[PDB]
Amino acid sequence: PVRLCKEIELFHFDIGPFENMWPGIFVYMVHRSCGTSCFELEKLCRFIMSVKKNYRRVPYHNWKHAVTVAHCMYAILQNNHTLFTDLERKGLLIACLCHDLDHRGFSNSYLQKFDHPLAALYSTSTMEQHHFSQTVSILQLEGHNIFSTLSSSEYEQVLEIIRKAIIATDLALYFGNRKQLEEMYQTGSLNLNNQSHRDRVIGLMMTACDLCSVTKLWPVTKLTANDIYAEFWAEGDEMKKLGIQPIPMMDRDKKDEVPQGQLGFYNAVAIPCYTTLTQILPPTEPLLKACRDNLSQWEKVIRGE
Ligand SMILES: COc1cc(C)c2nc3[nH]nc(C)c3c(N3CCNCC3)c2c1
Ligand SMILES: [Mg+2]
Ligand SMILES: [Zn+2]
C-alpha cells in the first residue's frame with residue numbers, strides 16, 4: 001500500500017496492526033535499503049517463511065519482536081545510508097530478523113543456574129550463540145542460501161557481521177560497550193574507518209534496535225510491557241518450583257514494584273543508550289525523544305497520575 005510506504009520510514013512506526021503484511025514489509029525494506037536486485041526473490045521469500053516458522057509462540061521473544069527490531073535497523077540505516085556498505089546493510093537487516101531465533105522464553109542466567117545442555121555447549125552469551133547457530137542451519141537448507149551469489153570471501157565477511165551483531169544483543173555486553181564509545185566520543189578519538197570502533201558502533205545500534213519497544217507511543221509501549229512481564233513471571237514460577245527465590249521483576253507476587261523497576265531501567269539502561277547513539281549518529285535523535293516521553297509517563301504512574 002502507498003499509505004504505509006510513507007509511514008515505514010519513521011522511527012515511531014508500530015507494525016502491530018498489519019500482521020499479514022509483516023513478511024512483505026521485510027522484503028520491501030531489504031529492497032529499498034539494499035536494492036531490488038540484491039537477492040533472488042524466490043530464495044528470500046523461502047528464507048523469511050522458514051525464519052517465521054522457527055520463532056516460537058512465546059509472549060515476547062516471538063515473530064513480532066523480530067520484525068520490530070528489523071524495522072528499527074532499517075530506519076537507522078535509511079537516515080545514515082552512506083556510513084555502511086551494501087554487505088553491512090544486508091547483513092544487519094538479516095541479523096535483526098534472526099536475532100532471537102528459537103527463543104524458549106528463558107534467560108541466560110536460568111539456563112546457567114539450572115545447568116541446561118545449552119549452557120554446557122555455550123558458557124557465555126548462551127542464547128545468542130544458539131540464535132546464531134539456528135541462523136546458519138536455516139541458511140544451509142535446500143534453496144535457502146540467500147548469499148549464494150557472493151564470493152567465498154564476501155560470504156565469510158557477511159556471516160562474521162551477523163555473528164557479531166547477534167552476540168551484541170546480549171544486554172550483559174552493552175554496559176561495557178557504551179562506556180567505551182562514550183569515552184572515544186568525548187576525547188574526539190572515535191573513527192568509523194577503524195574496524196574495532198565500527199564493530200562497537202554496530203553493537204550499540206543492535207541494542208538500540210532490540211530495546212525499541214521503549215520508543216513507541218505510550219499505549220503501545222505499555223501493552224508491550226505486559227508481554228515482557230508475562231515471560232519474566234513464567235520464569236520466576238519455575239525457579240519457585242525448583243526451590244530458588246526469583247528476583248522482584250520475575251516475581252508475580254511483586255507487581256507494585258513494576259513502575260519503579262521501569263523508572264530504574266530507563267535511567268540506567270535505555271536513556272544512556274539512545275543518548276550515546278544520538279551523539280554518534282545525530283539523525284537517530286527521535287528515538288531518544290520518544291524514550292524521554294515514556295520515561296515521563298512512568299514518572300507520572302509513580303506519583304499517582
Ligand atoms: C533484565 O532486567 C530487566 C529489568 C527491567 C525492569 C526491564 N524493563 C524493560 N522494559 N522494556 C524492556 C525491553 C525491558 C527489559 N528488557 C531488556 C532487554 N531484554 C528483555 C528485557 C528489562 C530488563
Ligand atoms: Mg535476544
Ligand atoms: Zn531481542
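Here, residue 1 is simply the first one shown, and the rest follow in order.
We read in the header that X-ray crystallography, 2.1 Å was used to get this structure.
Any Cβ shown, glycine's included, is placed from N, Cα and C.
Features of the protein shown, as given by Swiss-Prot:
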ACT_SITE  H61  active site, proton donor
BINDING   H61, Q262  3',5'-cyclic GMP binding site
BINDING   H65, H99, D100, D210  divalent metal cation 1 binding site
BINDING   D100  divalent metal cation 2 binding site
Among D100, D210, the one of these binding-site residues whose Cβ has the fewest neighbouring Cβ atoms within 10 Å: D210
Other CB atoms, at most 10 A from the CB of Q262 (3',5'-cyclic GMP binding site): 23
Cβ neighbours within the same chain of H99 (divalent metal cation 1 binding site) - under 8 Å, at least six residues apart: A66, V69, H131, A165, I166, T169, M206, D210
Rounded Cα-Cα span from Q262 (3',5'-cyclic GMP binding site) to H65 (divalent metal cation 1 binding site), Å: 19
For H65 (divalent metal cation 1 binding site), the number of other Cβ atoms found within 10 Å of its own Cβ: 22
Cβ neighbours of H61 (active site, proton donor) where a neighbour is any other Cβ within 10 Å: 23
CB-centroid shell, 8 A cutoff, divalent metal cation 1 site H65, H99, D100, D210, site residues removed: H61, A66, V69, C96, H103, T169
